[PDB]
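Letters A, B, C, D and E name the chains as they come in the text, with residue numbers starting at 1 for each one.
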């Protein structure tokens, strides 16, 4: 019965995990949280009544580059201008590089454009629920991609004397793009569990 | 009979249709002098010559002795020590040393550090199979080779454990296919032959 | 847009390719077939190509190969250089 | 089997015989046509609200014969079958089932409203019917149970999977596996089994939308091997490799039509 | 030259033949029968069923009635023969008891005639040949009657007072259909052969001859008009073109065409092959091809 409650516990194996991966800092405590250890930190009347303040922040270790990300659920279904533009000031108050907002189900067009517009350098990404609530990263068929600093980016275009176009592209709408949060132009090195003979390295950009 | 008599009437045409499909989308590709396969427009599709880097046509499925082996018997094939062992000295002939001063004792556990980082990975990459197609039949260059020179157990080795290990390191680093250095460009090469490599430390380990 | 590459800092493979051998021998063939200055003691042949092959074996044949890179740059190799 | 019967369409597949429409005035009307009736009377006797804020309204009794042909293969009670109907139609319907001690296992579903506001856009004069048949379409198509919308019947076959041991040797762990019969996934790993790290499909279309793009390449390679290998077939990992990279080298899945 | 057989349809079926499922329809009843009297054979039938769009409506059946024009629910045609009153119409299809199941499917069928509703309108909803004509009723009615006596099930009888005979057949046709959707039998098999007929050098040289004589009566008819005007005298072997079929068979049998070198372009390839006298054995195996 209380199925829709337990079903979100997995949104923290799809979230706090979503970090490094990237490069931010999360506690190895928040990664080994069992079924009940989750209900522990969160005090809900029942039983049921959960919600509350589901959504925290985190810091990175890459020192510079800036800045920081903010994980924030809802938990209000269907969203939603009455929860979007109103939950950005908060994002501008503690100052963050960017953050996440999840939902279920569907999101209105209106509350999708009137945002990423004055955002400037910052960014709104991206996911939702009843979708990516299980880290696909952990899949026989999914090789681990790792990001490339802009310095390393210039490497390829020399060693292989190429153009930022002549490389293997990746659609934005790719759960692994969204996952690492690729923006149009960055370049991602992936180490394929190929044969091959060997451990062959492929590279890709965004589009 | 009149069924496989029309099913033979098809494979006569269809088979041809599907053929042209591929061609008409792959003519584009070819291997550029850089050691990479690229599109008409230059859009590159592979960074090797086929991930391997080798010509399909010159290759012989081969076998990794060092894989489907019990750790218990693994040690009984490669590992060596001075602990109530020293059985090789019966072969060191002619010339033992004996044992000289350090160095040797040390080379023996360093060889296995890497012959061992290879036993764990794979697996961690390959399911369970062992037969895979590599370039240059090694299992054969040694026989025939024990035909050319012969010499049976009766003749012990005029070699030296400090040679076979140098032997490789000098002639794996002669197997280059991506040139050159050009630092970091030596990486694509170090592991564009990494598989072929674990063979040469498994059939030529001390 | 070419660029030319340093005869000192060459990248490509020192060995002569399946295809090149085939093109060189093809090229000198026509040359000699066209009464040309043959660069090795004539063994006593007749075939403008079987002769060119006598040359190749002794790496005493002119012609060089410009290997265009994707960049647009190239490299020049000497038959005596190659392998 | 917990899972075998935990990821199937399900819906109204146990009824298939079926839906009957009986007109019964007073909330205490029946007949039959069989036995039942008694159960209905017992439900009314408990007058725990009969009157309710409304009263006696619902002159459109509809009955449902649930086959015990699918009541055994799929762990389903009768209070569940009609326990989730009113979780998508408010209170427009009142279900009254019976215990498993019955010989037909039937469940009613009435309709009450008036004096309702009524309306709007679209009048209805002659005669309380159409609006009914329409409702059925949704009822029989919604939808309780671990029914992964779209996922039809499933199967289970022993797949000789090879594992490793702490020893060194490898062993053939003959584990069971389910063989889907159609889309889709996504809501397919959300299951308790399941297994997310290893679930697979035959529609690359989808694998690109829900895994990686790199993932989907491996999918091709695998799905082409399974086309030309069984049996005894000229395989080269190299050329297979190349076809794949060409397909998934520009993002989207570039097809190769005539 | 040797004429060669052919295997098209059969006619006079009595043939389920369904399909699916692009899909548009669902359950057909092709008939394409037609005299048969000694040449002619142009005409068809076919009738639909539909059973999709769970929103529209209740699975309703229709008809076509060549060669014009669209879809025409069934009740509309019974009401156009002599059986307008309901109930009686169902008597031609099914027979209670009954068996409402097979009948029920009618509900949606009848509803299509909830406006007919007699004999006037019926014939009315038939104004669509065509190439733009009419004006309007009276004329339309006349065309409807003509159709019922030539198009609507052209075999049986083409007289006048025989509309009660074609009233059952339709019931018989649609009787078959119902047997399949309800899943009471199986869709007839087009494999026959057993049901297809071979058109030898006879029925073949029929349809041609006819397709060359009807031009006779046309070429000469025009001559009369020119004679009666300015000319006259009467008639005589003055016309009757000689080179009309004499030359008009030479290059119609000689090649695979059926009316050359006229416009008749795509007119099914012969059927006219040269003999093939390689080996005696062969010669014979040729006079027996289709």
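Keep in mind that, in the parts below, contacts are C-beta pairs under 8 Å (C-beta built on N, C-alpha and C of every residue); 3 or more make two chains touch, one makes a residue touch a chain.
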item: Chains in simultaneous contact with chain B and chain C; value: A
item: Relative to chain B, chain with the most remote C-alpha centre; value: E
item: Centre-most chain, if every chain is reduced to its averaged C-alpha atoms; value: D
item: More contacts between chains, A-D or B-D; value: A-D
item: Inter-centroid spacing, chain B versus chain A (mean Cα positions, whole Å); value: 39
item: Computed distance of Cα centres, chain E from chain C, in Å; value: 78
item: Centre-of-Cα separation between chain E and chain D, whole angstrom; value: 47
item: Gap in Å, rounded to a whole number, between the CA centres of chain C and chain A; value: 56
item: Contacts with two or more other chains, residues of chain C listed in rising order; value: 69-70
item: Residues within chain D bordering two or more other chains; value: 237, 249-250
item: Chain A: positions in contact with at least two other chains; value: 161-162, 168, 195, 202
item: Chain D-facing residues of chain A, complex; value: 7, 130-131, 133-136, 138-143, 145, 168-171, 173-176, 190, 192, 195, 202, 204, 207
item: Complex contact set, residues of chain A against chain C; value: 161-162
item: In the complex with chain A, residue positions of chain D that touch it; value: 186-187, 189-190, 196-198, 200, 207-215, 218-219, 237, 249-252
item: List of chain C residues in touch with chain A within their complex; value: 69-71
item: Chain B partner contacts - residues on chain D that touch it in the complex; value: 162-164, 167-170, 236-239, 241-243, 245-246, 249-250, 256-258
